[PDB]
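quick check, what structure comes out for this input:
(chains A, B, C, D, E, F, G, H, I and J)
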Amino acid sequence: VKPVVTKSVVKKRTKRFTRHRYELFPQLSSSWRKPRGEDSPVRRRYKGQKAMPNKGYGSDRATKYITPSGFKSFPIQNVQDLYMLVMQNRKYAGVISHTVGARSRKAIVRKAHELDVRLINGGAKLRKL
Amino acid sequence: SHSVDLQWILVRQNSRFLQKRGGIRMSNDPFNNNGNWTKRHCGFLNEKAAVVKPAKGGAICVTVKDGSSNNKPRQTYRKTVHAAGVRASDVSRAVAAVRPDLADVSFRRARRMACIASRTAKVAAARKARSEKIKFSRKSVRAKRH
Amino acid sequence: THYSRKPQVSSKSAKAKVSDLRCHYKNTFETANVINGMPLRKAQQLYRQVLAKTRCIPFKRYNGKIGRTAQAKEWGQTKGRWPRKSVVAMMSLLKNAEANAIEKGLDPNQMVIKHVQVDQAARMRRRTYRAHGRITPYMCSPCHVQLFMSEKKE
Amino acid sequence: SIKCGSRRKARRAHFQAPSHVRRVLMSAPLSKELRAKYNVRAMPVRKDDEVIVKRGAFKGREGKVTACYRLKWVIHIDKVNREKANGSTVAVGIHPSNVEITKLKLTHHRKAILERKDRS
Amino acid sequence: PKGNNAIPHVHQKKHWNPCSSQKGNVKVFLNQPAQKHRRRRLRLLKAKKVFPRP
Amino acid sequence: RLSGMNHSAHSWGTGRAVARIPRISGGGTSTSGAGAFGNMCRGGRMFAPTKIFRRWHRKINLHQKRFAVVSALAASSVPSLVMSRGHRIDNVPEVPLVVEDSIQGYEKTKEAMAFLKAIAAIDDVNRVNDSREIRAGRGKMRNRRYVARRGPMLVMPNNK
RNA sequence: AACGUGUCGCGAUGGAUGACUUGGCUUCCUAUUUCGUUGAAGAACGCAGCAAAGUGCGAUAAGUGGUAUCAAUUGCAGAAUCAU
RNA sequence: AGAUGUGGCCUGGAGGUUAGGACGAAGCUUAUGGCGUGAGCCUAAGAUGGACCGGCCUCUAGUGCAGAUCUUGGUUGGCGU
RNA sequence: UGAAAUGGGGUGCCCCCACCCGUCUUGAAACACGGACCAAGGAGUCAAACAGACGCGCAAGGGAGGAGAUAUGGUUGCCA
RNA sequence: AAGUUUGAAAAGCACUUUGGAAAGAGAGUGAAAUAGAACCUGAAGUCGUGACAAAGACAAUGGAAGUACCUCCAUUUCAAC
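Numbers count the residues shown, from 1 in each chain, chains lettered A, B, ... in the order given. Let me share the structure:
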């Protein structure tokens, strides 16, 4: 089920935003926080300090939220949830949830391969027959 | 008398059929054609509706609402099977009799079910063709009952 | 658990360990690690010589302030030291891993030593009395020690 | 040890239940052939009763019930056994609700119970 | 005080809150309905004993 | 109200080379000199201790309570809302389902079952019945073990 | 070269998180509900085949008596032998 | 400094709704990638675990940490000094 | 059908760019003060009076409070 | 201060062997012993050990942009393509 192709997939910035000076301290998480420091260099934009998030980094809104395969990812907990995306399968693809099972995961792999909807974490061997 | 206009403001942001996951809004309504969450596609909500729904082999059912038996449920949803080899414009033209809004989707969905069934036929054949070679140490059968 | 590493061909091998041995960690770190490649018989020779203060146990880490010595030249460091307390312990552990190997049908004269490892162990505390009515921890520092051996042949 | 709504009072009154309550609480069902005769759904287990395990890993064993250990919430049977490390056998205890009473010992106050239970 | 707001006369100065320090004169009606079902149960029982006197 | 408080704690002050919070007074125990009387201290007070005089119960206008029930019934007569509100309602003969008055005559419960299966309501009461699970949450430990879906209420004019 | 740095695989030191809960807090109700010179509350010593603490008990001491219950208690030893 | 907005992200619970789980829940670990400007989400693997639990609407609060000579527990360089 | 390829990730290197955080301050990289590491705790809350926005009902009327009355004079409870 | 919460059940490791002993190596119980007594999960921080990457003194980290070597995580392709 070859995806709906979009325009060019160019990302504005691939490298993540990490908070200022988290490498020094082991408890600081790489997640972003906006520095409120008054003399803080990053807040003042010193050229060679880390860059902040803006409204300006948006993803182009055409290719936005599209995985590298060309499918916007819709989660699925059971074989009945495959039916919603039967019709739009050119656009959406399913993602089996983490907790869904070795037993239910057997079913959804079948009833996806029959309908031609695509699963990301669904077994790929039926596709590479 | 509870117009569709008024009921769509009520069920819009909360529902059994809403199913918004990961920022996407699909709809788990059985009467949606393509599955988007919008008025034209809410089957349970509208006063007249239709669906292209599969049946055995390649037959294409169509379920159809109408103004009149709108309450009284086993009587408000009426299914009619089209024959196996039915043209898709045949099914769409049925739906367009009831709800001309859906004339396009019912076509695309009519051709869709026809694709699925002939897809199930190739698959279920190829799975069993190579399922013979496998020696299973168990299998289960539900015993016929009288 | 323990045994951070696995012997290749464990059918020819002898594991041994001691745990929570009362002895200094930083001294046993130094006197164990010298062995790590040496065949068994030459690792025992090394120790009986250290007790005789002919050869020495080179301290590569935990050197903070130590006497320089001329017996550390063979190992490349200037600093060395002769920790009998911790040599006599490793004497008995190597003598155990030789008893394991001999019950496994092996000749201990060909056993080579692999993977010697020393870790800190739960340290037990005692007090100390200081000027102006202070008390400060006197705690000691035992070690865990584990090693295995393997044969070698042409 | 009655079931309450509160589960904090229920579990408390259950595990602090004295001996006699622990006799009722741990009671096996008795086989259909003894339900037919005495018309009783279940009885509390006595010492000598002969009894069959339905519940587990011993499922299908048959034994005489050496003694009822009410402190461990357990029954000790005959021919339900395990060997220690050193080779002696130790009676493996089983909970009564997992077990079935085939043949029950009778004494005069145990009969005054079966008359007193009768559903008919 | 700042702005055009009214001049607050709330009289809370006396110790009322039962601060870890003090006890404090707080009356709470959380038992209102349980005493509503009680005054009734006790009008019935007296009606049952007074019978058949009005 | 006394929780996290009973102590003799005072503050050592400046000049002791330590934080200025109050500290427990005494000796020979593990908590001697430990911090007290503050939300940060292990075991101090909570920040703003909860009270019984919180406003638990809200008034409602008598009218709006009436308006709200009235308005809630007009939604019970619409099969489309009821569809999405969650009940099965598939084989239900008609929206304000209505039944006889003899329904109050049943005594055994086995017969009231085949009633529900006759007006089709047995399909919804199998939605409640198959949905019973043990909770995810701490509520299990509070006295609520099980969650059930909400069912097909039945309205009988007399208490009887 | 040695020390030292860095990444990964495993391993120790350490005891967090979650899951678990016979505890706490608070709200409510019932009643032939209120101690003591007829020696109370509190205090001390003691008591078990084996018994430090704890619980129970007082030279009749891990209990006597009476009724109800209906075969245990149980870490070990001991013990009338099932109609009370 | 400050004001406000968000169909805006996270957390413990209550009313609903829809699902998952011994064919492996929460928790945990990872040169596991994918999505979002971001808070964060989600999948993969565990040679981790052993029984709970997710989404969505609404309600609710003891709801988001790096700094206080912050509190408690642990550890640590100085130092085999 | 094993590989090829694009993207993400890791480690090192090169050319270049780059003062240490939070804070009081006209002014902090400061020879200004707090600062070894981590885990778990850790700070605009509750109540009342008044006001103005915004949501809702009703409207020259609006709304109770306390209590009473029964379905319930019932129910372990769900019902405070 | 302190959950004494191992496990379904103590089945709480008989026995051989090195040791003065502690213990070690085997074996055995059990679905798990990396559930072996503080015994469920077992995090952060710090330390050991094998492998490996390199690296001059510009304290270290940091930005941007390449390349070198890995990674085998992802997506895509494999023939009138």
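
ok, residue B:80 - contacts?
By Cβ atoms under 8 Å, 6 or more residues apart in numbering or on different chains, the contact set of residue B:80 is B:61-62, B:64, B:94. Any C-beta I mention is one placed from the backbone N, CA and C, and that applies to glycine too.

and the residue in chain A that chain D sits nearest to, how far from residue A:79?
Chain D sits closest to residue A:103 of chain A, with a gap of 24.1 Å, by Cβ to the nearest Cβ. Per Cβ to Cβ, to the nearest Å, residue A:103 is found 11 Å from residue A:79.

residues near residue F:83, how many?
By the measure other Cβ atoms under 10 Å in any protein chain shown, the count of residues near residue F:83 is 23.

go on, the one 3 residues further on?
One way to gauge burial is a neighbour count; for residue F:86, by other Cβ under 10 Å, it gives 14.

that one reaches residue F:152, doesn't it?
No - judged on Cβ atoms under 8 Å, residue F:86 makes no contact with residue F:152 at a distance of 11.0 Å.

just to revisit the earlier point, okay, now the residue of chain A closest to chain D: neighbour count?
Neighbours around residue A:103, by other Cβ under 10 Å: 7.

try residue B:90
Residues contacting residue B:90 under the criterion other Cβ under 10 Å number 14.

okay, and it sits in which element?
Using DSSP states H and E, the element containing residue B:90 is helix B:88-98.

roughly how far out does that helix sit from the chain middle?
Offset of helix B:88-98 from its chain centre (Cα atoms, centre = their mean, to the nearest Å): 14 Å.

check whether that helix contacts chain A.
No - Helix B:88-98 lies out of reach of chain A by Cβ under 8 Å from any Cβ of the partner chain, never closer than 13.8 Å.

dump the residue contacts of the residue of chain D found nearest RNA strand H.
Closest to RNA strand H within chain D is residue D:7: 12.7 Å, counting by Cβ to the nearest atom of the strand. Residues in contact with residue D:7, defined by Cβ under 8 Å, 6+ apart, are F:141, F:143, F:145.

closest to residue D:1 among the residues you listed?
Nearest to residue D:1, judged by Cβ to Cβ, of these is residue F:143 at 16.8 Å.

could you pick out the longest helix of chain C?
Determined from DSSP state H, the single longest helix within chain C is helix C:84-103.

again, but for chain B
Ordering each helix of chain B by length in residues (DSSP H) puts helix B:103-129 first.

neighbours around the residue of chain F found nearest chain A, how many?
Nearest to chain A in chain F, going by Cβ to the nearest Cβ, is residue F:136, at a distance of 11.8 Å. Neighbour count of residue F:136, defined by other Cβ under 10 Å: 8.

just want the phi and psi numbers for it.
Main-chain torsions, residue F:136, degrees, to the nearest 10: phi -90, psi 120.

what's the answer for residue A:94, then?
Per-residue torsions, residue A:94: phi -90, psi 150 (degrees, to the nearest 10).

the longest helix of chain B near chain A anywhere?
Yes - applying Cβ under 8 Å from any Cβ, one finds helix B:103-129 in contact with chain A at B:108-109, B:112, B:115-116, B:119-120, B:123-124.

any idea which residue sits dead centre in chain D?
Against the mean C-alpha coordinate of chain D, by Cα atoms, centre = their mean, the closest residue is residue D:96 at 3.5 Å.

I figured that one hits residue D:77, correct?
No - contact criterion Cβ under 8 Å: residue D:96 and residue D:77 do not qualify, at 10.4 Å.

which residues in chain A form helices?
Here chain A has its helices, by DSSP H, at A:104-115.

how near is the residue nearest the centre of it to residue B:88?
What sits nearest the mean C-alpha location of chain A, by Cα atoms, centre = their mean, is residue A:67, with 6.0 Å. According to Cβ to Cβ, residue A:67 and residue B:88 sit 31 Å apart.

give the contact list for the residue lying closest to residue C:124 once chain neighbours are set aside.
If the residues on either side of it in the chain are set aside, residue C:124 comes closest to residue C:140, at 6.0 Å by Cβ to Cβ, 6 or more residues apart in numbering or on different chains. Contacts here follow Cβ under 8 Å, 6+ apart; on that basis residue C:140 touches C:22, C:24, C:123-126.

and residue B:4, by the same measure?
B:39, B:45-47.

out of the residues you listed, which end up buried?
Among the contacts of residue B:4, those classed as buried by 16 or more other Cβ atoms under 10 Å in any protein chain shown are B:45-47.

including secondary structure and distance to residue F:99, could these go into CSV?
Listed next are the buried ones among the contacts of residue B:4 as CSV, based on DSSP: H, G, I helix; E, B strand; the rest coil; distance: Cβ to Cβ, whole Å:
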residue, secondary structure, distance to residue F:99
B:45, coil, 27
B:46, coil, 29
B:47, coil, 27
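
closest one of these to residue F:5?
residue B:45 (59.0 Å).

so that closest one makes contact with residue B:8?
Yes - judged on Cβ under 8 Å, residue B:45 makes contact with residue B:8 at a distance of 6.2 Å.

tell me which helix or strand the most centrally placed residue in chain B sits in.
Note on chain B: the residue nearest the mean C-alpha position is residue B:53, at 3.7 Å, using Cα atoms, centre = their mean. If you go by DSSP H and E, residue B:53 is part of strand B:50-55.

that strand versus helix B:103-129: what angle between them?
Per axes from the mean of the first three to the mean of the last three Cα atoms, to 10 degrees, the angle that strand B:50-55 makes with helix B:103-129 is 10 degrees.

and the helix or strand just after strand B:50-55 with strand B:50-55, angle?
Next helix or strand after strand B:50-55 toward the C-terminus (DSSP H and E): strand B:59-64. Put simply, strand B:59-64 runs at 150 degrees to strand B:50-55, going by the same axes, to 10 degrees.

thanks a lot, see you next time.
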